[PDB]
Amino acid sequence: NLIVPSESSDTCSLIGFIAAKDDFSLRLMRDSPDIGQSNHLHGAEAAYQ
Amino acid sequence: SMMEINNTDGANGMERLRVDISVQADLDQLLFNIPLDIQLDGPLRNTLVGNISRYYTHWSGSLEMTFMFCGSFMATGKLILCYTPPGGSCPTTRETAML
Amino acid sequence: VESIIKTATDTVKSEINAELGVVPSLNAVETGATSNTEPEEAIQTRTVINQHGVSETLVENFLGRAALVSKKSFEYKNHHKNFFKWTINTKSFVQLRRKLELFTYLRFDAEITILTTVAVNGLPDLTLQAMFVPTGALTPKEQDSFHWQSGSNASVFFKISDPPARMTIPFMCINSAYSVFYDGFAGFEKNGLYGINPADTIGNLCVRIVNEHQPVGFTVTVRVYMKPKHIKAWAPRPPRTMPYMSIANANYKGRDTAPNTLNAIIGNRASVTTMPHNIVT
Amino acid sequence: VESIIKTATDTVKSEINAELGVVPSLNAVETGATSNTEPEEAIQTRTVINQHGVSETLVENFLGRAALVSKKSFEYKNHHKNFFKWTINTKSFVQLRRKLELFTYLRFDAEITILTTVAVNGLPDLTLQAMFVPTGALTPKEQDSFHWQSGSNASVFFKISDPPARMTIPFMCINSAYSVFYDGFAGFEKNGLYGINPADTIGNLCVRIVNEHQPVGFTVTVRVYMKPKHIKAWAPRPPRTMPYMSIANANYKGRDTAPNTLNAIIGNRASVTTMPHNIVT
Amino acid sequence: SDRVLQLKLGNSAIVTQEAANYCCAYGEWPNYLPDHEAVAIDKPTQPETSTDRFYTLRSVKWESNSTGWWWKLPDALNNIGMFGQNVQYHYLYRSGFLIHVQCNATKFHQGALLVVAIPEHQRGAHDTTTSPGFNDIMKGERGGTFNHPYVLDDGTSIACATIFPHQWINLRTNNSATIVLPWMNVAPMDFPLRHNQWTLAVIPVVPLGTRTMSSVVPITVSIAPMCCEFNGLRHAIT
Amino acid sequence: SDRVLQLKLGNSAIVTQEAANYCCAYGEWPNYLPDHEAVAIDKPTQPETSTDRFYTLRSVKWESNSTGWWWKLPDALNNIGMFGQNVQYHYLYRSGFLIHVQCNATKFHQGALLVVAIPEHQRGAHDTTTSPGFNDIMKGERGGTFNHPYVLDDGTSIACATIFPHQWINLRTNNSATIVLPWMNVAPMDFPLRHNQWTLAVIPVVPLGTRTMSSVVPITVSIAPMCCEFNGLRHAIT
Amino acid sequence: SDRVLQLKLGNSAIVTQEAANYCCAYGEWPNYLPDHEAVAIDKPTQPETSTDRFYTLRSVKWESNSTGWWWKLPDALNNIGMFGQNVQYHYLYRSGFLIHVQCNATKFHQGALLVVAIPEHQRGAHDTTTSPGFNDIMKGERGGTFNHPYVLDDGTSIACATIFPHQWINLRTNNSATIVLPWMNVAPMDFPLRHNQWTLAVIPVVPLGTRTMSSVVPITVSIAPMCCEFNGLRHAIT
Amino acid sequence: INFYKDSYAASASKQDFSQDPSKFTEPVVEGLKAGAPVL
Amino acid sequence: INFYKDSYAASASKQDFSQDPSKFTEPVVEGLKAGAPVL
Ligand SMILES: CCCCCCCCCC(=O)O
Ligand SMILES: CCCCCCCCCC(=O)O
């Protein structure tokens, strides 16, 4: 159990991290689903003016 | 890099990057679980390994999760972190996860 | 520390451990170093001769792809009057932009491919001219101005019926590498543009249809692709999460609702003990 | 047991046999072994130096042919709205399917050839884009969506006037070989699809006409051919006899009347003593 | 000499005095996973005698109108003994199989059974476009029955099924069939609950017949896993 | 240096940053049964990683008036994981045990637990001539509680219990106790369901006390069988 | 051993008794510009001790709702001491930096600060297409504050910020962070008044908390330029 | 000659004349002698 | 083979397999030993 004295906060935080080890390998490149656009970005068209 | 484990309604910004644990009144309590989804959105998606891996389709290799306790020096405790290979439903009791 | 890596590392079998003073699974994140705990120290492992290759993740391959950097449609008819000018930049299309922005500095030569398509408002096999106008040089004002004589500027003439035009632009920065990000101002006064390194200024790509107009009008679309090669990259960075807003800065707003909202990058789940795609048997 | 075979085996002359305890023509099918009776032991033979080659039956040649795997027609006009998406599979056309199904496992690289044809509802020399969208990647929703910028996906741009486009897809299974047949389910729950190994999931082939629509409509047909090479094959199987019913399974019904009816694969003859194409002199 | 045979594994043994040699699928023999083909990095458990032994399934009756029987592996054994326990507690498994099919009658009976081990026997359904469901495929220890043995319930043919590892039980000649199966898969190990490497099929090509006293003539199947290895330990998916 | 420790067996590992060295019962270490001491002639199964790993039992709460707790081995694990399965399917078993008792509090708490491994701890009943019954002895994973810890519930004394392999958890000093137990019996192997080689006893000789905020202070037990061997395979006595 | 540290440069020194080793950005160390990488041909001035020393900036208060702080280099020091004078009188400068962030509390406090050195940290503005202005970027010695630390005020993420040279100050563990930064730029030297090579960011990922007496908990930054070189002498742009 | 950098891009490989029919025709543990009674 | 006179015109260079992850994973001045307490 988490056990603390009266003057220590009774709710504590954990920060979790993750990483690959050196036995890792990736294949078959594809476009990432994490970014996209439905319109011209501001200033894109102005590059032609 | 940091996993967004507290991806819940009510948690805003950086609050989503830390998991709060409290002094328990009962024993063997479940504190949290982490979906190991990389393709589907989840705590592992916005990490260095998650972001880069998503530019690919196939993967192989071991992963490592490190947790840093950020309570005060006077706080003590023991936790058990479990990885359950696939096949069944996510364990909800320590007696099962511990296997 | 540096070494040649062609395959993923092998695993060595490990035995039971019960040693005082030895705790490989404990670490100190505060040092800034990533955990050095090996699988062999966390659990009992078997021996595995790993033959998995790592070449598809070489930076040269990761960035070595022709990506769309410019797309422009204009009307070809009797009058953009049969030509256009594009101030070169690699920030208009998000797929390429996000990948380049995974690095702080980049040094590379750039293969440029130009694809042209036409539609009637049969199809004429037009001749086009793409002229590279470097910084400080004069840009054309008309489809027929003297500028197109291109006495020194490099120009490429190609037909719509030929394969896409292609040429390589060398690494041309005045520095040893391009600054993908620039925490500074482009001028000596205080009103200059922020985040734009003058050193990475390429110039303008001027494209015109060489043929005089026909009796009818056509819509011509020019697409430019860029593929970096002979790449060197430095200092990787956090990937972009918020949608891009402008080609001139890193301004952000976030999606209206998760995922990728300013308030929450990852979509919500009911609670920290809720497993989203739980297997139900 | 393994050896290099370049020609059919020779025959050696044989003499009269009358040996007690020796009966080469008798066998025991129950052991599961095929008869080992040699021609020389069944009859008196002469010597024959056989020079007949066996290379045309090499697996590499048997399967090494470009076969149609996809055919799709769509309307190119002002609005499948000028593009389509095809979830890749090798089970839609029966000639290729039956041959691949003569084996249990197959490992090979695949040469892909794309042939395009057009018809008016003269012919325009259009530019098309075929983008390979791997599993988990987003597929285009419109002829002009951002997805086509293809920053990482492999895309090939080709014209109808050029020879068919061609490229090789490597053996890309997550296993050591593709599972032509799979006696299992694709998921951890019980409602998954049967007979479909997830490991052999390639992805989607997205094809669009790059040109904006013309004033009139056209019918465009795209045919995709696949030719396996650098082939390795394991465990041959009984050939398909019943007509195929679905691309998702081996379901069967049989023809309405012989041949190849569920009740009778071979067509009937009047009786077991009736010779069908008997020579009448 | 090749008519008598004794098979011994773990605490189990079987003898036959009417065998027909025995088949080693594709001329191979079972073996443990070598380091140069391994993928899963956790140290595997190799229980040996507790799992590598003969498990006898419930018998079936050979009737005048029988169409044939089938048992899928490892499904048929996934809930039997320690092999079953290891399968339930581990995400991954690997093993070969020693199959022994038994069937005796009298010198007045006739009949012939094709005993074939089919790799990846993906079943098809009859006269419908709907794919077979979970319960049509996973029969467990009881095994299943052929609907249309003539086409092996997959639209092909039993006539050419001899291309697969097999033996025959021709009553007049022998009373048992034995087939040794090595690990057969495109991966070094697999999840045992959703994929069956082999399917044992026993089909009466020549029906059982006689004019002597009628008696129930059973067909019995005994299967011994070989060189079992398990990885990915966790709780049981019992 | 002797305050930090990591124990790793199978797919399990445990670390402590407040240990007090660790005890090896009678200076021994677990080992497999050698041929010159063997009795049962059947080839044993040695499952290794599937059974030789840490199993954590349900925790207990250390209260101001607690008398102590006990868990008998192998009974406490006879129904847990693959160790439990092997125990149920085999007449004979043999193994050592790595015990790790855990209990943390604050620098403001005081208390001392005697953590002792007692061989053949034959319990006695209080104030009656009737011997303890099956249910008084076999508590399984839940373990039991001491009625009169002062005499170890057997008419002797806890004062002299230090003659047995042990450690202490003195809150002010450490937060865990570790004891390695070798096979302890007069026979090379035994029937696991009717005899317990060891009894783990955890007794608060100095009660838990503090003047700071009250919190539930648990005591947790993790046990890893070592060098497991099983003989006499049959059906499960589940 | 790696918890105590003393840094000495010029007439300045700093000691910490609760360090966590220290970070050398990208495994490099500062150095003077070699002849084979030089561009500017005038003989440079290398003031050494007058500029390569620790400069302590004004402290900031760590509050329960703080979002984080940042200081850009060399801007933060462009008007401090002799480093500032050389910067104002010379068109070009070059140097590394030794950063030491300080923050102590009690053993009853909790909190965690990410201390990261970001190269070319180009800021973005929130919810507008207008680029950040001069005064939004050049804060000088006072430094700035994060508006949306969650995305590092640049549309990316703090979660992945660990890809940059960094350390953490976790109150329960240490009270200081130390990072050595080498010259980081695409040019051998640069104009110090319009470009910042590095940005020091200090962000409370885990908020400051306690139940003991409240006290102001400051965070202090000390920075020492290293191997300073200046070229292009003229009048001061003071 | 393959001018591409990836070997899988090469033309077909029609030179593997190795065979072992016996894995399909005689998968019996005990080799069957020519004229000797198989049983 | 590059037939152009300028080397920057050549095809891609996909042969640099050198790596040094430690500049990102272990940029600490004092090397951290395997199982020895980091602090
Ligand atoms: C199409 C011509 C491209 C020339 C090279 C441009 C490099 C831009 C690097 C960047 O700042 O992201
Ligand atoms: C057109 C792309 C083909 C990729 C390779 C597909 C292999 C399928 C093998 C099969 O299951 O029959």
Side-chain angles (χ1 to χ4, degrees), chain C residues 63 66-70 86-93 96-114 130 132 167-173 175 177-182 195-197 199-205 224-228 231 233 247, chain D residues 63 66-70 86-93 96-114 130 132 167-173 175 177-182 195-197 199-205 224-228 231 233 247, chain E residues 120 122 186, chain G residues 120 122 186:
Chain C
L63 292 176
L68 184 68
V69 294
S70 170
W86 179 56
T87 297
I88 310 173
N89 74 79
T90 59
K91 308 290 187 180
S92 307
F93 292 91
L96 171 66
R97 183 174 177 177
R98 186 169 191 268
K99 290 176 67 178
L100 294 173
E101 294 188 346
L102 289 175
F103 310 94
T104 302
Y105 303 132
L106 291 172
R107 181 187 175 104
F108 62 78
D109 297 306
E111 166 196 281
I112 306 300
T113 305
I114 308 179
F132 176 40
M167 62 223 67
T168 293
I169 291 178
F171 167 62
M172 56 168 53
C173 189
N175 293 307
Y178 293 124
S179 298
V180 183
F181 282 96
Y182 188 68
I196 294 175
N197 191 340
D200 308 322
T201 300
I202 309 298
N204 292 289
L205 176 59
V224 181
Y225 300 75
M226 173 192 94
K227 185 191 73 179
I231 312 170
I247 69 167
Chain D
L63 292 176
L68 184 68
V69 294
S70 170
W86 179 56
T87 297
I88 310 173
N89 74 79
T90 59
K91 308 290 187 180
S92 307
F93 292 91
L96 171 66
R97 183 174 177 177
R98 186 169 191 268
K99 290 176 67 178
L100 294 173
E101 294 188 346
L102 289 175
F103 310 94
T104 302
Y105 303 132
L106 291 172
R107 181 187 175 104
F108 62 78
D109 297 306
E111 166 196 281
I112 306 300
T113 305
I114 308 179
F132 176 40
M167 62 223 67
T168 293
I169 291 178
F171 167 62
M172 56 168 53
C173 189
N175 293 307
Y178 293 124
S179 298
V180 183
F181 282 96
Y182 188 68
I196 294 175
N197 191 340
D200 308 322
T201 300
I202 309 298
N204 292 289
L205 176 59
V224 181
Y225 300 75
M226 173 192 94
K227 185 191 73 179
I231 312 170
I247 69 167
Chain E
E120 305 288 358
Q122 185 188 306
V186 291
Chain G
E120 305 288 358
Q122 185 188 306
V186 291

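When reading the values below, keep in mind they use all heavy atoms of this one structure, side chains included, and skip hydrogens, waters and symmetry mates. Indexing begins at 1, ligand by ligand and atom by atom, following the structure's order. In the text below, chain A, chain B and the rest are named by the order of the sequence lines, each starting its count at 1.
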Hey, does the side chain of D/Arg97 reach the backbone of D/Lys91 with a donor-acceptor pair shorter than 3.5 angstrom?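 It does hold such a pair.
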
- Apply ring pair (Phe, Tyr, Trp, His ring centres under 6.0 Å) to C/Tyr182 and list each qualifying residue two or more places apart in sequence or on a separate chain.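 Ring pair (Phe, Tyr, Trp, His ring centres under 6.0 Å) check on C/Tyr182 returns G/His195.
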
Name all residues meeting the ring pair (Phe, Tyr, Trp, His ring centres under 6.0 Å) criterion together with D/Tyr178; count only those two or more places apart in sequence or in a different chain, and write none if there are none.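 Scan of D/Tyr178 (ring pair (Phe, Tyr, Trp, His ring centres under 6.0 Å), adjacent residues dropped) gives D/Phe108, D/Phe171.
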
Nearest atoms (heavy-atom pairs only) where C/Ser179 meets C/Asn197
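Distance-wise, the nearest heavy atoms are OG-ND2, 3.2 Å.
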
How long is the span from the CD atom in G/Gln122 to the OG1 atom in C/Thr104, to the nearest 0.5 Å?
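Taking CD in G/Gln122 and OG1 in C/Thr104, the distance rounds to 11.0 Å.
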
What residues form a side chain to side chain contact (heavy atoms under 4.5 Å, CB included) with C/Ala67, not counting sequence neighbours?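 C/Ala67: side chain to side chain contact (heavy atoms under 4.5 Å, CB included) contacts with C/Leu96.
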
Enumerate the protein residues lying less than 4.0 Å from ligand 1, judged by heavy-atom distances, in chain and residue-number order.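 The 4.0 Å shell around ligand 1 contains C/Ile88, C/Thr90, C/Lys91, C/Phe108, C/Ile112, C/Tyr178, C/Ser179, C/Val180, C/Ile202, C/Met226.
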
